[PDB]
Protein chains: 2
Amino acid sequence: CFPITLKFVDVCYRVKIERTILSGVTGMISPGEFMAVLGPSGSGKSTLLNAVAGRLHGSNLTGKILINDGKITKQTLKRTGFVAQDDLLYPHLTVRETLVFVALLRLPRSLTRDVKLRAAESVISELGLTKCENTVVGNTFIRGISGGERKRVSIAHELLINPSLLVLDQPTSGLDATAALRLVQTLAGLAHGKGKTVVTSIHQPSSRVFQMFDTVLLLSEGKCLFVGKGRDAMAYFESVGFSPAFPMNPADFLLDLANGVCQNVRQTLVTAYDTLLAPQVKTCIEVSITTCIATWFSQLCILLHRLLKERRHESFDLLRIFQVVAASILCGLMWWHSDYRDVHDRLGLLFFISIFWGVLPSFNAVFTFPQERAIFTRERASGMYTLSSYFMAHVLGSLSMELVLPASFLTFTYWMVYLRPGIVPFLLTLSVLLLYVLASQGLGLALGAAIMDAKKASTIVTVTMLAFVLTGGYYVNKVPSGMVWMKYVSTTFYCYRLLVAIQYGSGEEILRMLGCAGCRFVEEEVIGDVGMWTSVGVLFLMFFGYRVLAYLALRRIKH
Amino acid sequence: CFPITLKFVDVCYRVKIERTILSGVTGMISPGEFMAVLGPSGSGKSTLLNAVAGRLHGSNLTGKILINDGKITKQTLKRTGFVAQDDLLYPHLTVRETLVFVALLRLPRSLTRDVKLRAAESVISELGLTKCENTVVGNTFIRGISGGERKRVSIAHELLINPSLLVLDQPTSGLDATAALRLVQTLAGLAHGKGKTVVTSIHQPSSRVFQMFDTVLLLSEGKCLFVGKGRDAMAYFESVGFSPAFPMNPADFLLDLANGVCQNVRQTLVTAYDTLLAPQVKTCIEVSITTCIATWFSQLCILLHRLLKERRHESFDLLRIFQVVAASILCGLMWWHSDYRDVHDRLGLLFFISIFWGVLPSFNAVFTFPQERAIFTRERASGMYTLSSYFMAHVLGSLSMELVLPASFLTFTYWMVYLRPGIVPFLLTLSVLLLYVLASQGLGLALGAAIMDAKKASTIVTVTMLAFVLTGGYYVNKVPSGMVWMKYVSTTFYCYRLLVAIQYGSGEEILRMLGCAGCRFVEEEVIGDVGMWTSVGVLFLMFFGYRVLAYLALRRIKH
Ligand SMILES: Nc1ncnc2c1ncn2[C@@H]1O[C@H](COP(=O)(O)OP(=O)(O)OP(=O)(O)O)[C@@H](O)[C@H]1O
Ligand SMILES: Nc1ncnc2c1ncn2[C@@H]1O[C@H](COP(=O)(O)OP(=O)(O)OP(=O)(O)O)[C@@H](O)[C@H]1O
Ligand SMILES: [Mg+2]
Ligand SMILES: [Mg+2]
């Protein structure tokens, strides 16, 4: 156990459209207590819950928000559960597969599997989800579960973390009259039977749901009108002058007073709060090893299989492989019947392969992290997993299909053109082309993680790659000697220098075959200047270096 | 007036996970009548409302859904308003700007402006939106209006069309107890004061909201338990054997019977419905000029200014122009001090400009229609605007920034390299490069409209453009004569042939300057074979032809 006492004193919040959203909201909620935050629409009660959760800060917010007499630490955000108002889930897992991945990641690890699975399916039977558990969670384009079943998957998503402070933002909207009573009876058993601290906002409770709250907060356009016990609310407003004509729901009467339609009703109740109850609240706020490298790897295995079955359907594209294959038959027919002695044509084949496999991996990889932006952000604030195992699961998860496409391109082009016979110069050509595809993929990952949308990022990578083609070593013969150093930054340069070295070597065979346009051209472009091992040792430095800079760009995003 | 009588007889709906969602739902709602669809979560009442709206069809749905004794026609979907459960709005318009664009497009056109604007702001004062009207509607990443204010913008969005059948899917979820009473009192004034047909589903009504419905439908796992007047519901279930112990809300008692927790309750009430009330429902279902080209243009002007102020902020990028400018200084320095007589180097400059400005417009344009997919789909089913004025507003809206980038690229490169002096060969080079940018943009628009997401589509366009580079006319000298026809499909071919013709002409000056590698190379590649006017007349055929095929690919999407 780790009991949280929450305090918030004089919380204000301005925004620039200057509009005051919250102004002077003081309260305190203890462990063992279930509090409701009532109010009209726009009164500010999802800005107040979003500041005591720790997801709203800056120079707009002003006021002391205290969790056990201290600031909001990184330690206290691991014991806090926050169920937001909009639901962000994966559109391809089923309801049971969604709630097993949460149970394996977040439950105490010194606990056997098949007990973590009998915790995930005793939550399904408490929320009534045992009819749609084999149904896929959908989105706007994939039709799946209901809106009231999607709401209860998100509450189960936080009820499997076992929090110490549970903050919910309208959990009963979209639920009928019987499912909303049972959910409030569940949350009242956490507060009264386990000693937790539950804060919730709620819109249309019945007279039976309203009798289960220990404490009511009533907002009205950013200023509170009542803080105290729910069984004192109707007897407070009678002593100020307001009472219902016909007997009715007490939660219907308190929302007429907050709208001011209970027959200056609002401004009477604001200054009557600041002289009768507001001083006595701030008087009450004065006193009241090898088991560590197994948790990294098991988080990696869960995050792999979760992303392999996102791409199971909507993917396994034969369309990507039947188009790269037709482009390799197309290149192999343009250079059908070219000869080994024609050096000027063979170096234009080898430079087009460098253009093709620098442009194609790099432009595809710019979609990887921007297409995860809303769900990565939400799960980073929860504390689900570390970043170095989320990152490494996307490195290893892309690497299968990214290596089948260059290997099937080159099997057609190498033997139709009939470049150089032997199994040894074929496999060296295959492995240089697979090291260049991985170094070109990491350029697109780093620019998609720094710029977090794909339309803005796939403009920066198109101009950057066309500048690597220009300084890559084919287009200009004399460069101004003061711009010769720019080719040592280009990835395209080090691949094209390695493919020419496998085919023609260090001269010395074409120079005896071409005799010695025949012996002048083959001394600037065939002989070369960068060694064969330093062109390999720099494509490894761009392999690791472009994935380090993609990790540091994702490290920024925090809340 | 055009009164709609809605009927639906024996509606079934199966889905393949075989699961029966709806089975045998018979009802009839007349004009002047306000009907509520009650039920638990997952009982199927948003599948039933989504089939009588006309947005759900196929081989799964089976049953006669009739609107004035006929099928769902294209004419009846113009008089129908459907407020869905999730809200899809533009994240950059304010609340007032959202509701003025709807009033100008959808109100009767033979009606003066400043009366269409006093219709848009008398709806704001009926829904209580007169505090957030100057606040921007947000999204998940832009913080804007509330969730209960977003719900009422969507109801106002359909209350400005003046429908004849209004179908709403949970309109009071996210609203407090006083705003939910006023909204039901608004919808009851449309049905009883104007003679419309309102169908709504609703979750937790109070005892005062429940007394405003004329007709109740009660579902329970896809089978109806009661159809009839709301003031006969409690007296019906008493005569079968069910009655509340303590006096309570009648809408709370009917949801206990549908969940079966009212103390085989459900299966008793299903077979008691099919012998007592279900035969008497189907007995009742037996009887009961130049003003046309001004509406095209005013829809074009509203759709332009709506999309120009979506790109006002999040855009006006100096980042796109400061990077294209640096790439033009970079090209102009690589070919600084190259001479006019060196023909083999100048034709490698001119081919790199063809690569740069075919790849850059085409890859950016693949995001245009896929980033509008959810909102284009919703407004296409409403009948907001025609497609040929939505399409033409995106042609004219992109064309400003797409022509400033090639014109500022070429001002640096043409005079640093110092290609050919004269203002006349400069402007011919500028206009050929602007005709090729528009023809390359239309290739990306057609592949983004046919494939309706941008990650799948920006793989098809990368391999297609690298195949236009290969057959574009630089890489291979002898092609197998049986593949010479493929260059006449490439866009890159016709630009590169036009830039060589402006610089060197029809030979006849370099041949006297180079005397006659000097007179052999300049006869395959400088002389050329395609005329100067047929290279212009084919880039106009690919200009119009690639925007026709993008219109026909958007014509598919309908509901
Ligand atoms: N494409 C689908 N595949 C499988 N099941 C589906 C599909 N679409 C809907 N369902 C199921 O149909 C049932 C009814 O769904 P629907 O959304 O129509 O009910 P609802 O009454 O609107 O629920 P709520 O009140 O929670 O919004 C749900 O149990 C849902 O799981
Ligand atoms: N970034 C912002 N800029 C301008 N106004 C804002 C911003 N954020 C919130 N508001 C305004 O603050 C008011 C309160 O918003 P909030 O969402 O906190 O209220 P709420 O009680 O949760 O409403 P609901 O009950 O409808 O969900 C709203 O009127 C909203 O328009
Ligand atoms: Mg639903
Ligand atoms: Mg809100």
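Ideal geometry is used to build each Cβ from the backbone, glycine not excepted, and the neighbour counts take in all protein chains shown. Only the coordinates and a few stated rules stand behind these numbers; no lab work does.
Building the convex hull from the alpha-carbon atoms of chain B and averaging its projection over directions returns 34.2 nm². Here the translational diffusion coefficient of the range B:356-483 follows from Stokes-Einstein with Rh set to the Kirkwood radius across Cα pairs; for 25 °C and 0.890 mPa s it amounts to 144 µm²/s. Shown here are the Rg and Dmax of the Cα trace of the range B:1-96, at 15.4, 47 Å. Inter-chain Cβ neighbour count for A:370-382, averaged per residue, equals 1 (cutoff 10 Å, partner chain atoms only). Basic side chains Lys and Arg get +1 at the Cβ, acidic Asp and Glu get -1 at the Cβ, and with that the dipole of the protein assembly as shown about its Cα centre reaches some 840 debye. Panel values: the range B:120-183, Kirkwood radius from alpha carbon pairs, Stokes-Einstein at 20 °C and 1.002 mPa s, translational diffusion coefficient 169 µm²/s. Mean per-residue shielding of peptide A:175-184 is 6, counting Cβ atoms of other chains within 10 Å of each Cβ. Remark: the range B:295-554 carries a charge dipole of roughly 640 debye about the Cα centre, counting +1 on each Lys and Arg Cβ and -1 on each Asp and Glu Cβ.
Between this copy and the others, label points of B:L111 are 6.1 nm apart in ascending order, each placed 7 angstrom from Cα in the Cβ direction.
Of the residues A:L396, A:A517, A:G383, the one whose Cα sits farthest towards the positive end of the charge dipole of the range A:295-554 is A:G383 (charges of +1 on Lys and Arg Cβ, -1 on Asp and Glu Cβ, taken about the Cα centre). For the protein assembly as shown, list log₁₀ I(q)/I(0) at each q in 0.04 Å⁻¹, using the Debye formula over Cα point scatterers of equal strength and ignoring solvent, two decimals each. Ignoring solvent entirely, the Cα scatterers give -0.28. Among the trypsin sites (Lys or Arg not before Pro) in the range A:314-421, those located in a DSSP loop and surrounded by at most 16 other Cβ atoms within 10 Å of their own Cβ are A:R341. Placing unit charges on the Cβ atoms of the charged side chains and taking the dipole of chain B about its Cα centre, the candidate lying farthest along the positive direction among B:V167, B:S43, B:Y496 is B:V167.
Of the cross-linked pairs B:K7/B:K45; A:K78/A:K223; A:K16/A:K71; B:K74/B:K194; A:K455/B:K151; A:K196/A:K282, those separated by over 19 Å at the C-alpha level are A:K78/A:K223; A:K16/A:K71; B:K74/B:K194; A:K455/B:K151; A:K196/A:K282. Position A:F540: other-copy label points at 6.0 nm, ordered by increasing distance, label point 7 Å along Cα→C-beta.
Looking at the P(r) of the range A:130-272, how many percent of alpha-carbon pairs lie beyond 26 Å? Everything past 26 Å amounts to 38 percent.
Scaled to the globular estimate 2.2 N^0.38 Å, the Cα spread of the range A:45-182, given as radius of gyration, is 1.16. In straight-distance terms, cross-link reach from A:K64 covers every one of the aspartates and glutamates whose alpha-carbon lies under 20 Å from its own, apart from those fewer than eight places away in the same chain; here that gives A:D10, A:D274, A:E286. Where the alpha-carbon atoms of the range B:295-554 are placed on the principal axes, they occupy 71, 43, 33 Å, in descending order.
Here, the range A:89-162 has an Rg and a Dmax of 12.1, 40 Å when only alpha carbons are counted.
Dipole size of chain B about its Cα centre, with +1 on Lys/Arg Cβ and -1 on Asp/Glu Cβ: approximately 760 debye, rounded to the nearest 20. Shielding of peptide B:323-335 by partners, expressed as the average count of other chain Cβ atoms within 10 Å per residue Cβ, is 4. Over the range A:123-250, Cα pairs under 8 Å with separation of 6+ residues give a relative contact order of 17 percent. Here the range A:482-543 has an Rg and Dmax of 13.3, 41 Å, counting Cα atoms alone. Once you divide the Cα radius of gyration of the range A:288-376 by 2.2 N^0.38 Å, the number left is 1.80. In this assembly of identical copies, the label point of A:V325 (Cα plus 7 Å along Cα-to-Cβ) is separated from its counterparts by 4.9 nm, sorted shortest first.
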